[PDB]
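Chains as they are written, first to last, in the deposited numbering: chain D, 1 to 317; chain C, 2 to 297, 312 to 377.
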């Protein structure tokens, strides 16, 4: 696979099986996801009632960012009071699901896609702010730079979802710039990530893919706007990949795909580093075989009599 | 010179030995078996094998006078073989009482006794007691220090040149009462009791082989530093008159044979024998008897075509494999006389890890 999936496959399959089934069964399984997020599935009250919980270390910051309302108008009346040890909880009963199959399938997909659904609140807020500044600047072109600066100052938003990762996003009259504070431990991971990040920068440059958002990466130094932001170390070992999303990159027909893509970026990079390790393994063995071919000299020709198959010559003559 | 390849053994042979009439010869192989071969018109054919031993057979030697074969192997036991009147051979174990693997055996020129080299710090000398029909071994352990790599008798039947692996050449008196009479006074010495230190000489490596001159008044030994030293004794407890050392530019030598009273032929890991001409004044390499750097429209058979595809598939070249110039393909084992009166040798055989038994015609 080349592109990482955008939701939890186990939740999707479980929901599909339990919706299409006729005899439900009690289940209690806790499932982990990428980036430390953990999901818990249980049926404590009724065999036909399923409760799903979300765990995330940065969730209170999401609440500060205004994610409760987004979750509410995303998931309707399904909202349920959170369970112990978890952040967001949902309770679903199979007796009230829509009869039509496509509604059930889309509900299962939406529930399985809870990760980005809860993580996309800052992106939606940034898009709304970008629209506001766009219309305000269209009201008077001469009033752009000062409102742009005040938006870079006040609306500068940030989040820490991993302890070596950070998203810094802020809107403007025409763009929503985002900064990733990438850093890889596990030395060999950082070793391969250096090459991966270098090649990832070049990509955009090539005229072949100029339609993509502009990338900006420079290790050992952060951009001008985030040196004063708390949490950003003074370039200890952290890279900083910056994507500039213009108006065309979040057109009303392409917002969700862009959000999911920009969210999954880092996990894609990690998984593909591992895939590159496997690629080495296979090539390296594949032509150490050629070295063995080179060695197979220095063996005088000899003759084996039959050695027919799964046995020893199967005959005395 | 000129050489003819007698046979192509399927496996490496560290030793060989021909009978007195030069009719059939015995040879060793990698495993515990000992092989016999007899002439088949213009070639040689298999005769019989000996599986008496248990571990790798090290050395085999043929007595020409009595037509007997002795075999010392890694299993620390020695077997003596004598042909029965009907034609078969009778095995006979010899209790060497060794503690490690034997390495090299030789018959005395009178064939009454045979000495056995060993890695157990010692050398075993065995004779036959007709009154008991027994073989008894005596240990030579006074001056010896390391593994025995070679043996060499003396025409007086009493002195025994031992090539040890401690970078020192050894000469000992193997005289024993009830078997050999008193020997004449020799330049090596006169008073020769059993196990006496006749002489000791140094070297630049392991003494692969030793050898007395046909006149019996000299020793020639070769270390692992590709140097052959010719010793000329003067008197007991007296330094030799001249210790001539010739240093070569090839691989280390293995075995030494005396072509005549003033010529030595020796071969080693150089895949070729050499010749030394000289006298008491000095010696020098004379000639490379193996021709030196010789570097020696038609349907294709099925076997050749199949070989070409097999080489192409397993390989990336599909070209001639070795085309090595020298007659031998691996290290040579030893050189032994073939014919001629003592001091007059024109033919001598040789064996190697490639299994070739190449006769050399001077």
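Every residue, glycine too, gets a C-beta built ideally from N, C-alpha and C.
Item: Closer than 8 Å at the beta carbon, the chain C residues around residue 293(D); Value: 329, 330 and 331
Item: Chain D contact for residue 322(C) (CB, 9 Å cutoff); Value: yes
Item: Residue 159(C) - containing beta strand (DSSP E), residue span; Value: No beta strand (DSSP E) contains residue 159(C), which DSSP labels as neither H nor E.
Item: Between the CA atoms of residue 338(C) and residue 155(C) - distance to the nearest angstrom; Value: 42 Å
Item: DSSP state of residue 113(D) mapped onto helix, strand, coil; Value: coil
Item: Host alpha helix (DSSP H) of residue 317(C) (start-end); Value: 317-329
Item: C-beta atoms of residue 112(D) and residue 74(D) nearer than 9 Å; Value: no
Item: Distance between residue 51(D) and residue 84(D) (C-alpha atoms, nearest Å); Value: 12 Å
Item: Beta-carbon contacts of residue 155(D) that lie in its chain and below 6 Å, excluding the five residues immediately before and after; Value: 129, 170 and 171
Item: Host alpha helix (DSSP H) of residue 46(C) (start-end); Value: Per DSSP, residue 46(C) belongs to no alpha helix (DSSP H); it is in the beta strand (DSSP E), 44-51.
Item: Sub-9 Å separation of residue 212(C) and residue 228(C) beta-carbons; Value: no
Item: Given 8 Å, three or more beta-carbon pairs between the segment 239-257 of chain C and the segment 218-225 of chain C; Value: yes
Item: Spatially closest choice to residue 262(D) from 241(D), 97(D) and 252(D), by CA coordinates; Value: 241(D)
Item: Of the listed residues 21(D), 44(D), 274(D) and 57(D), nearest to residue 101(D) (C-alpha basis); Value: 21(D)
Item: Span of the beta strand (DSSP E), counted from its first residue to its last, around residue 406(C); Value: Nothing in the structure corresponds to residue 406(C), since chain C is present only between 2 and 377.
Item: Residue ranges of each beta strand (DSSP E) within the segment 114-198 of chain C, 3 or longer; Value: 114-119, 125-130, 135-140, 149-154, 160-165 and 169-174
Item: Close Cβ partners of residue 92(C) (< 7 Å) along its chain, the five nearest in sequence each way excluded; Value: 53, 80 and 82
Item: Assigned exposure category for residue 78(C) - 16 Cβ within 10 Å defines buried; Value: buried
Item: Three-state secondary structure (DSSP) of residue 109(C); Value: coil
Item: Collapsed DSSP secondary structure at residue 40(D) in the structure displayed; Value: strand
Item: Cβ of residue 297(D) within 9 Å of any chain C Cβ; Value: yes
Item: Alpha-carbon to alpha-carbon, residue 179(D) and residue 227(D); Value: 12 Å
Item: For residue 335(C), the first and last residue of its enclosing beta strand (DSSP E); Value: Careful: residue 335(C) lies outside any beta strand (DSSP E) and carries neither H nor E.
Item: Own chain, CB closer than 7 Å to residue 217(C), minus 5 neighbours either side, in chain order; Value: 155, 156 and 157
Item: Residue 94(D) to residue 72(D) span [Cα, whole Å]; Value: 20 Å
Item: Residue 247(C), DSSP secondary structure in three states; Value: strand
Item: Span of the alpha helix (DSSP H) around residue 69(D); Value: 68-75
Item: Counterpart residues of residue 222(C) in DSSP-defined beta bridges; Value: 211(C) and 230(C)
Item: Pair within 9 Å by beta-carbon distance, residue 166(C) and residue 150(C); Value: yes
Item: Closest Cα partner of residue 349(C) within the set 368(C), 48(C), 331(C) and 358(C); Value: 368(C)
Item: CA-to-CA distance, residue 68(C) to residue 19(C), given in whole angstroms; Value: 10 Å
Item: Within 9 Å, strictly: CB atoms of residue 27(D) and residue 43(D); Value: yes
Item: According to DSSP, residues forming a beta bridge with residue 261(C); Value: 264(C)
Item: Paired residues, beta bridge with residue 80(C) - DSSP; Value: 72(C) and 94(C)
Item: Straight-line Cα distance separating residue 273(C) from residue 253(C); Value: 11 Å
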